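Here is what each chain is made of, one letter per residue.
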Amino acid sequence: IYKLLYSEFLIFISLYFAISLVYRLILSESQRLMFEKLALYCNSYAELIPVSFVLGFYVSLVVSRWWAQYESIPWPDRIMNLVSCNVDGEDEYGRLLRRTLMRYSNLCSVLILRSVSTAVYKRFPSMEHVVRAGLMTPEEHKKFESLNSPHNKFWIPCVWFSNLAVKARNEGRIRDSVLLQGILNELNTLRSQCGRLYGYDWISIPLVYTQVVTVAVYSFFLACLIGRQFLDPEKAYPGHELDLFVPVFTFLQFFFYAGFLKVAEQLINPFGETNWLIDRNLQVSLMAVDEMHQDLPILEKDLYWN
Amino acid sequence: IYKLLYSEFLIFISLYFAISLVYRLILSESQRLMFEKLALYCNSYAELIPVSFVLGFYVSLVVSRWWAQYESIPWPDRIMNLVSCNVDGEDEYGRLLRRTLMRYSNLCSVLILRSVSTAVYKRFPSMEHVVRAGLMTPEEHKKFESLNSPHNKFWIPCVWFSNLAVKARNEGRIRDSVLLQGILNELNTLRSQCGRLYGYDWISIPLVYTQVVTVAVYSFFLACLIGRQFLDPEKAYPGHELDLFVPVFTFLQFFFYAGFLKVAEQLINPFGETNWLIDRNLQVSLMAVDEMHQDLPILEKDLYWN
Amino acid sequence: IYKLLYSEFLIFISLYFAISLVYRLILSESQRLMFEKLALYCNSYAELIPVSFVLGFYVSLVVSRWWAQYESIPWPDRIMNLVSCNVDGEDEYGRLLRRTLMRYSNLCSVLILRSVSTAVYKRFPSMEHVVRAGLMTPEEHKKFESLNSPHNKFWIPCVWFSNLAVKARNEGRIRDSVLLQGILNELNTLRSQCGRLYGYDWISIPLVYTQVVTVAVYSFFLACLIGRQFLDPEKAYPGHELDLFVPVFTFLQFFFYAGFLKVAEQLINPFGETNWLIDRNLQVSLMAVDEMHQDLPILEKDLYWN
Amino acid sequence: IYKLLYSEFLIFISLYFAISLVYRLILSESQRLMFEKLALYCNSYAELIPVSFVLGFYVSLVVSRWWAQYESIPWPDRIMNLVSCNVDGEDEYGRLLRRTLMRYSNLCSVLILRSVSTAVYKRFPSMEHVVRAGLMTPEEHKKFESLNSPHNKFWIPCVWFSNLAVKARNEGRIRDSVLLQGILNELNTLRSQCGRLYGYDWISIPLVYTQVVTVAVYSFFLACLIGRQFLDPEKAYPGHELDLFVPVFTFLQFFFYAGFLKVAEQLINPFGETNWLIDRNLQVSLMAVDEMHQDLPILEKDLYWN
Amino acid sequence: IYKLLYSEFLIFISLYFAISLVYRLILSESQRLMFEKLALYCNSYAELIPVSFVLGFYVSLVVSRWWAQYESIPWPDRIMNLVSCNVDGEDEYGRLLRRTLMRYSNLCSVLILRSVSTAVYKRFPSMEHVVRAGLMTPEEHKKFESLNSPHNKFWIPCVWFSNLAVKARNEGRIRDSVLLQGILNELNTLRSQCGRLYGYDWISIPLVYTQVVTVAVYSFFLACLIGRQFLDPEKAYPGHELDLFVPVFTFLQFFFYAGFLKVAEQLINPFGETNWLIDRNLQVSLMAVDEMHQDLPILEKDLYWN
């Protein structure tokens, strides 16, 4: 939080100490008494601004939407267990057939993470970077851009997947219709999880609810630039009986009320190590359909037999 | 929120400054002292109205019902992956057969969004506008209005869908019974999601719970038209030691307590870009069952082979 | 809320103005000073009763159980899509066979709504009213009451349903075993939703948690019959510096703290237009298995073909 | 709550009135002034103990775990609809075969409710009481106790169930493999619901979180034995201007803060009428597989035919 | 909580009594008056630190993530019911075949619990301890470490499982394709539950949200080392009218605000008796596929027959 509060905090340190130096050195004595009345006014009536109430529900919606995206991580490990076993063949066709199926299922999640996450988007700026990272063969790029559509194209590989499995069934690679439908029902589970992330980016927390909660924090501490001044102890106002030149508890109070504001900036749109997550789901999925197709260990007895 | 608070806010600015001009220019000195006693009374006892408690749970129910409708967006991308692959045929019959199936599944969500959303309803005022936008052929409109029913008719295409797939199976287009049941089980998932939006419009947040929370905000600031007046500083009441002619912190306090009231007016009934969402789900679904039926890219090797 | 607060509110108006007339006209001057000490005592120490804390969680459980019953509305539209297509036959047997299946599935929800809802129970007082409304033939009523069971009998039609579909399969009306199991798996989804409403009536919010929250509201305002009196302004107590003869902010405070109590009486047991919901689910379900069995519109081309 | 607060409440009535009689009759006048200083100290500084904050989240976890167990009630009505229809046979074997299947599915929930509920455990103290109540034949008791296992044995009938259905399939009682798998997939739903109750008893709310919230209530009112004393009105302390000999609002404040503590004792471990629930699920399940196997009513026409 | 608060509590007892002894014995009388002004300053302005607000939501996220992991306990009892019945064979091959399937399904949860739980990790430090506990034969360890992968390897047995069942089907041990797919669909449910625990360890509660809530507790009671001092009663400050040498209510206030901090340290990463849970899921799963394959009790009549 110290990195996120290097900008807004030191402005508030600067905006306080400016006004503190102006009051102590620049104002005439007749004009200081004008400042003392506004300082007593803004100290008692800045509690009318519901800072703990407005900011309290905005964290209850940034985070309750933040947690709903980590049940939305598309793991290919459910399709991987069924492509590895059912799509038969050890020759260079069926070995190529299984690697293509688990490459489309990962491409159906890279094309959505490069529109919701800046970390993936700086790894894959254009579509040419997807080809050079092995997620798309050059012959698939020509078919990807003859399909003229002004919308997002993350649904392209999840239709190529389901058309390849049926083509795989009609050549005898998948045995029955039930084993074919078992793959397609696990495609549409990963299509739902990828379909959530597209739905969460397109449906943000509304602008009407963000512009409210950023005034309630800033207009509070705008009044605290005046209402938290150390007044003159010679006038002996009730409450300001001591001069200390640094408001310790005001700067702590700005640290937390603006702290949740900078936290909720972060958690409204996460994924700002998906560079690691994509490198896992590609390296595992191609591993478990090529090296582990029928390579099983040897069946032997356990330590509990008779 | 500034657009939503152009009406209620400037009335409250007008209702304050009217009474402020009446007290400062119209009341006699004997009658001003009558006003000063009511101003001190309504300042101390307007805190008895639980504004932060009544409004606190109404936002907890407008929004917790608002978020439950965005898991209810009917996406056709689960039926689209199975109509594209299983319903065989490249001739002009099966090409027409697949386009009809994905047109009924989109029509089973336009007919529910034109009764829950004013944006869709101004795009489709009558049923004639649905025909001219290609969602319904003219021969389907005659069958749509011989079915005499006083209720909503959004369930009509989702029965025409399931009767067409079985007619498609009996002509040999779908291979097995499992692949037929795989389509119908994914119909009834989109029928459940469309069934939620019909259930959410018919079950609103009750009138007994809205009429409570709109008195608690308005009757508070009705007392704040009197209890927040800048009194005469010559009388030297405790608290009103300064005249400033504009209550800054009261107008901020009205900005947030009526702010959540106008936000909860918006989020109790959302969809007031479904004009874009309908144009996506029609343009994608007809694309992936006509241009992408067996048009697959050429299988080649990846960048990780040996 | 005005209809629900016609009884408890006017008692509280009467109980206040009685004591206000007794203090102003009946008590002797020596006995008025005894009343002034109890009024100051009950004004400062009635804040010890946690009204906003006890009532705050009871609304958090009435409503969080209220919202869980509207995902429990049994819609027959999932069984209707599969009875309409799979149960073949156009003769007067299979036409009678499909209407019987969708009549048992609606009877398996009327028999549970006539034990959880007073609105349905006044429409169907006895079992004879169910026969005259067409939900049960007279020959089914004799079989319904030879089954001797002291418990609820809402599970009777959902077993008659699953025994009729298997009898329908053995006569050749349903084609395969998968299409039979597709109907029975959608029966057991509607059996779960009807099974929730039976579980919610049998498991109420406990008596130990309702008797707490109805003392905390009533014993608060029992003290507010004394602690909110307008005292004599001649004695000049701190706080009671003005006589106004009507406590406006106390009557508003009773309007909301007893307001949530009457709201939570309503939402602990909803359905007190299920007379419309039953008339929809019967009129739609019999419509879509008799008039819409194989009556499909004519396949023609859309407005986007070449 | 009056039954649950007969023990802790009257101790607090006794502990108050003891100290009240000691202060008024036993202490010397010099020693009373020592007591008056501690009474003023414990009145102002007992508000530092966060009673409304510590107890506020413990109710938010007792009840949020309490409500998650009533979606965990194992209803046999999903298996009952499939055993009644698919397991064929009207002779004394298949009649015995269906009754055994629905008896194992109820025994797979009695053996878990006799370890989580004291009400079931006093009905079934040992395993011999299960035999005499008809839930287990004497020949099944010998096989139940040759299976040597130090853990809980509630999973024993749910494996005997799935081994009997496959034995039923190999004798021709169940027709296809899909109808066999339809029973086993509905077994594993009731195995999950019974698996929740075993998981909820084994994972309690931790001891580190219960010992916190029982100090915060008791150490508060331990200070309220001193801080709520009616002091001497002759000394004229601020606040204690009246002697009344019974603290009405303190005893109400103890009624609710200890009220939620006794409520959360009840709802952390419910089921302390499962004697009725077990008698329902046995009497219904054996009824709907013996009297209602193919006993259907006669098909006749409804009141809406032509 | 007493064990968890042996470290931080006695430091706070020591840090208080140090400053209390310094003020009472070391400071000069002119320097004591400097301390009295800071004690009055830190007593009134330490309430500006939102301790009950910052810590209130951190418990709402530690625990709401804590409860979501106990629906994530991988129970093998759903696969166990289907391996026991469908994988046929009583000879020493099929007896070895069923024990291997339920050993891979337990190994697919030990390899994830030895990276998320320190209790399992001290039981299984290296992979050699897994072999000596019977969870992995020595021939499986060579195949486990030829699969070169820098990521976690918990997905290895859940692919060996699905490759063994298909190898079991092609030798005639499993009858149909539906019974094969019934096992694989229950594998991918246990793969999802094991997939949650890997997702919960990799996605912790962020460092930006923990470093906030540990300053708000500690910087509060850092000021309470000064603001809670018993001042000199001879100076007669308002509030400090009594010397007692031990702040009872401050030490209680530190007991709960730091109490939730130490509780949330525990519940952010639970499983710190999984040594019992692993010993159950191995001893039960191998028991119900070897001793209970077709060993059923003898079918006899119940106590309710005619």
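- As annotated in the PDB entry, chain A carries the name Bestrophin homolog and comes from Gallus gallus.

1. Let's talk about the overall build of chain A
Okay, so step 1: Helix and strand counts for chain A come out as 14 helices and zero strands.
Okay, so step 2: For 306 residues, the compact-globule estimate of 2.2 N^0.38 gives 19 Å, and chain A exceeds it by more than 25% at 30 Å.
Okay, so step 3: Projected onto its principal axes, the C-alpha positions of chain A cover 95 × 65 × 30 Å.

2. Quick notes on the state of the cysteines
Okay, so step 1: Counted by the stated rule, this structure contains five disulfides over all chains.
Okay, so step 2: Note that A:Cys108 is cross-linked by a disulfide to A:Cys158, the S-S spacing being 2.0 Å. Handedness here is read from the sign of the S-S torsion; for A:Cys108 and A:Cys158, about -125°, the answer is left-handed. Separated by 50 residues along the polypeptide, A:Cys108 in helix α5 (residues 94-116) and A:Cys158 in helix α9 (residues 156-169) bring together distant segments of the chain. Side by side, A:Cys108 and A:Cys158 carry an identical accessibility label, which is buried.
Okay, so step 3: A:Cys42 supplies the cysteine sulfur nearest to A:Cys224, a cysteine that is in no disulfide, at a spacing of 9.0 Å.
Okay, so step 4: Sulfur of E:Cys85: no disulfide; nearest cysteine sulfur belongs to D:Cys158 and is 12 Å away.

3. Structural notes on the relation of the copies chain D and chain E
Okay, so step 1: Laying chain D over chain E is done by rotating through 72° and shifting 0.0 Å along the axis; what remains is an RMSD of 0.0 Å. The operation mapping one copy onto its partner corresponds to a five-fold rotation axis. Considering only C-alpha atoms, the residue of chain D closest to the rotation axis is D:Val178, which sits at 5.5 Å.
Okay, so step 2: Comparing interface residues between copies, only 1% of those in chain D also sit at the interface in chain E, which points to a heterologous contact through distinct surfaces.

4. Some remarks on the packing of aromatic side chains
Okay, so step 1: Evaluation of the coordinates by the stated rule reveals 163 aromatic pairs over all chains.
Okay, so step 2: With a centroid separation of 4.3 Å and 15° between ring planes, the pair formed by D:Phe12 and D:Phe254 is classed as stacked. Taken together, the positions of D:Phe12 in helix α1 (residues 8-25) and D:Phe254 in helix α12 (residues 248-257) put the pair 242 residues apart, joining distant regions of the chain. Both residues of the pair, D:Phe12 and D:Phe254, belong to the buried class.
Okay, so step 3: Between E:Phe220 and E:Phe221, the ring centres sit 4.7 Å apart and the planes meet at 85°, which makes this aromatic pair edge-to-face.
Okay, so step 4: What makes E:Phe220 buried here is its relative accessible area of 3%.
Okay, so step 5: Owing to a relative accessible area of 2%, E:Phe221 belongs among the buried residues under this scheme.
Okay, so step 6: If you follow D:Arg32 out to its NZ or CZ, it ends over the ring of D:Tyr23, 4.7 Å from the centre.

5. Notes on the packing of helix α1 (residues 8-25) of chain A against helix α12 (residues 248-257) of chain A
Residues and elements named next belong to chain A.
Okay, so step 1: Relative orientation of the contacting elements α1 and α12 amounts to 150°, with a least axis distance of 11 Å. Overall, the two elements α1 and α12 adopt an arrangement that is roughly antiparallel. Pair α1 / α12 crosses with right-handed handedness. Here α1 contributes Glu8, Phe9, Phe12, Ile13, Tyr16 and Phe17 to the contact with α12, which in turn contributes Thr250, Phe251 and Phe254.
Okay, so step 2: Residue classes in the contact of α1 with α12 are distributed as seven nonpolar, one polar and one charged.

6. Description of the relation of the copies chain B and chain A
Okay, so step 1: It takes a turn of 72° to lay chain B on chain A, together with a shift of 0.0 Å along the axis; the resulting RMSD is 0.0 Å.
Okay, so step 2: By residue overlap, the copies meet through two different surfaces: only 2% of the interface positions of chain B are interface positions in chain A.

7. Points about the environment of A:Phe221
All names here are of chain A.
Okay, so step 1: By secondary structure assignment, the location of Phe221 is in helix α11 (residues 207-227).
Okay, so step 2: Each C-alpha atom, one on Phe221 and one on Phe12, is 8.6 Å from the other, the two residues being 209 residues apart in sequence.
Okay, so step 3: In this structure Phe221 touches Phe12, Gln253, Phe254 and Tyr257, once residues within four positions along its chain are discounted.

8. Some points on the interface of chain D and chain E
Okay, so step 1: Tallying the contact residues gives 71 residues for chain D and 65 residues for chain E.
Okay, so step 2: Carbon and sulfur atoms make up 68% of the area that chain D and chain E hide from each other, which totals about 6600 Å².
Okay, so step 3: Our enumeration of links across chain D and chain E arrives at four salt bridges.
Okay, so step 4: E:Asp302 is the partner of D:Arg103 in a salt bridge, and the nearest nitrogen-oxygen pair spans 2.8 Å.
Okay, so step 5: Residue assignment for the side of chain D that touches chain E shows that the elements contributing at least two residues are α2 (29-44), α3 (51-66), α5 (94-116), α7 (128-132), α8 (138-144), α9 (156-169), α10 (177-202) and α11 (207-227) of chain D.
Okay, so step 6: The greatest single-element share of the side of chain D that touches chain E, amounting to 13 residues, is contributed by α10(D).

9. A short note on the domain arrangement of chain A
The parts lose accessible area when they come together, and the size of an interface is often stated as this lost area.
Okay, so step 1: Looking at the assigned domains, one finds that chain A contains domain 1 (8-68 + 206-267) and domain 2 (75-204 + 274-285).
Okay, so step 2: Here the C-alpha centroids of domain 1 of chain A and domain 2 of chain A sit 51 Å apart.

10. Things to note about helix α13 (residues 259-267) of chain B
Okay, so step 1: With seven of nine residues buried, α13(B) is to be regarded as a mostly interior element.
Okay, so step 2: In this structure, the buried side of α13(B) is in contact with α3 (51-66) and α11 of chain A together with α1 (8-25), α3 (51-66), α11 (207-227) and α12 (248-257) of chain B.

Thresholds, definitions, all that
Residues numbered from 1 in each chain as written, not as in the entry; some residues may be left out. Chains lettered and ligands numbered in written order. Heavy atoms only, no water. Residues with missing side-chain atoms left out of burial classes, pairs and counts. Helix = DSSP H or I, 4+ residues; strand = E, 2+ residues; numbered from the N terminus. Rg over C-alpha atoms; globule rule 2.2 N^0.38 Å. Disulfide = S-S within 2.5 Å. Buried < 20%, exposed > 50% of the residue type's maximum accessible area, 1.4 Å probe, protein only. Least-squares fit on C-alpha atoms. Contact = heavy atoms within 4.5 Å. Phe/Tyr/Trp six-rings, centres within 6.5 Å; stacked < 30°, edge-to-face > 60°. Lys NZ or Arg CZ within 6 Å of the ring centre and 35° of its normal. Axes fitted to C-alpha atoms, helices over the stretch in contact; angles between N-to-C directions. Parallel < 35°, antiparallel > 145°, perpendicular 65-115°, else oblique. Left-handed = near helix turned anticlockwise from the far one by under 90°. Nonpolar A, V, L, I, M, F, W, Y, C, P; charged D, E, K, R; others polar. Buried area = accessible area lost by both parts, 1.4 Å probe. Salt bridge = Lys/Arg side-chain N within 4 Å of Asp/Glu carboxyl O. Domains from an automatic or database assignment.

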